[PDB]
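# So I pulled this structure from the PDB, and the sequence comes with it:
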Amino acid sequence: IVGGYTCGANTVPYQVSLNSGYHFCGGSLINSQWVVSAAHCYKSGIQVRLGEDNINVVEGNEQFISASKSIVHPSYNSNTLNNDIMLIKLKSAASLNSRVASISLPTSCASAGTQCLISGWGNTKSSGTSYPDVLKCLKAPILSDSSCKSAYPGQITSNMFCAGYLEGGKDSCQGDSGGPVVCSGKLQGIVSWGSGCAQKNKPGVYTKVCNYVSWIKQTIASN
Ligand SMILES: COc1ccc2[nH]cc(CCN)c2c1
Ligand SMILES: [Ca+2]
């Protein structure tokens with residue numbers, strides 16, 4: 001997260017870190033046994049880390065639970081990042097509390113202008129590299145479909161939205177991948193892609209979760 005703020009320990013209780021020996025992606029806890037992330041975060045050997053603030057220090061609220069199964073969206077296209085969503089089933093249910101909590105799926109798609117919270121442990125610079133150890137937060141609005149399509153001609157599908165600032169300076173970045181965009185207490189987006197981070201006229205692009213609720217619910221019910 002470039003141009004954000006330090007969230008504060010366990011203020012974003014649905015945020016997960018996907019760990020394969022190191023943090024490599026975020027995700028969101030949607031019930032005691034399931035995480036949603038980005039399909040581009042797929043790999044085998046995932047441990048889900050819940051209750052994290054500092055990803056390098058054991059602070060006492062963590063739960064470390066191995067993935068049993070990963071399900072990439074059947075229509076995920078790694079070239080276009082259309083359908084950039086994946087579900088991860090935990091080996092055992094998480095213990096839910098004020099610091100480890102699920103985030104509700106949306107019943108409705110959020111409109112342009114809605115303010116959202118984006119969180120992650122990604123890079124905090126738009127040029128060069130500095131990785132924070134504690135969770136960073138950014139408040140950003142959903143942009144109009146027309147602004148989003150004007151910024152990324154020929155690349156925005158109906159399964160994507162833009163959020164952020166056309167001015168630049170505030171955005172999700174490398175290592176924020178898979179993390180949540182929460183608007184009005186519902187999961188509306190997944191950190192998916194962009195052209196660099198925090199560049200002028202290049203907002204972040206997010207998976208439009210409201211289009212996937214039926215797939216999520218059906219998949220969870222049968223796995
Ligand atoms: C440094 O460039 C990258 C590299 C990989 C990335 N994944 C997701 C994003 C978000 C951009 N908002 C991103 C940016
Ligand atoms: Ca920790």
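Here it is on my side, so go on. Residues are numbered from 1 along each chain as shown. Ligands and ions are numbered 1, 2, ... in the order given.

# buried set for stretch 69-79?
70-73, 76 (16 or more other CB atoms under 10 Å). From N, CA and C alone the C-beta is placed, and that goes for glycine too.

# and of those residues, the nearest to residue 91?
Using CB to CB, residue 70 comes nearest to residue 91 of the buried residues of stretch 69-79, at 12.2 Å.

# what about that closest one, which helix or strand?
Assessed by DSSP states H and E, residue 70 sits inside strand 63-72.

# Which strands or helices does the very next helix or strand once past that strand pack on?
Along the chain past strand 63-72, the next helix or strand (assigned with DSSP H and E) turns out to be strand 86-90. Helices and strands touching strand 86-90, by 3 or more CB pairs under 8 Å, 6 or more residues apart in numbering; DSSP states H and E, are strand 34-37, strand 63-72, helix 213-222.

# in strand 86-90, what counts as buried?
Those would be 86-90, for strand 86-90 by 16+ other CB under 10 Å.

# Stretch 34-44 now?
So stretch 34-44, judged by 16+ other CB under 10 Å, has buried residues 34-42.

# send the alpha carbons of stretch 66-77 over as PDB?
What follows is stretch 66-77, C-alpha atoms only, in PDB (Å, rounded to 0.1, in the frame of the first residue of the first chain):
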ATOM      1  CA  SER A  66      -2.700 -25.000   6.400                       C
ATOM      2  CA  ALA A  67      -4.800 -24.900   3.300                       C
ATOM      3  CA  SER A  68      -6.500 -28.300   2.400                       C
ATOM      4  CA  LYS A  69      -7.800 -27.300  -1.000                       C
ATOM      5  CA  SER A  70      -7.400 -24.300  -3.400                       C
ATOM      6  CA  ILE A  71     -10.100 -23.700  -6.100                       C
ATOM      7  CA  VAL A  72      -9.200 -21.200  -8.800                       C
ATOM      8  CA  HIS A  73     -12.200 -19.800 -10.700                       C
ATOM      9  CA  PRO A  74     -13.000 -22.100 -13.600                       C
ATOM     10  CA  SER A  75     -12.700 -19.200 -16.100                       C
ATOM     11  CA  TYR A  76      -9.600 -17.500 -14.700                       C
ATOM     12  CA  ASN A  77      -7.500 -16.200 -17.600                       C
END
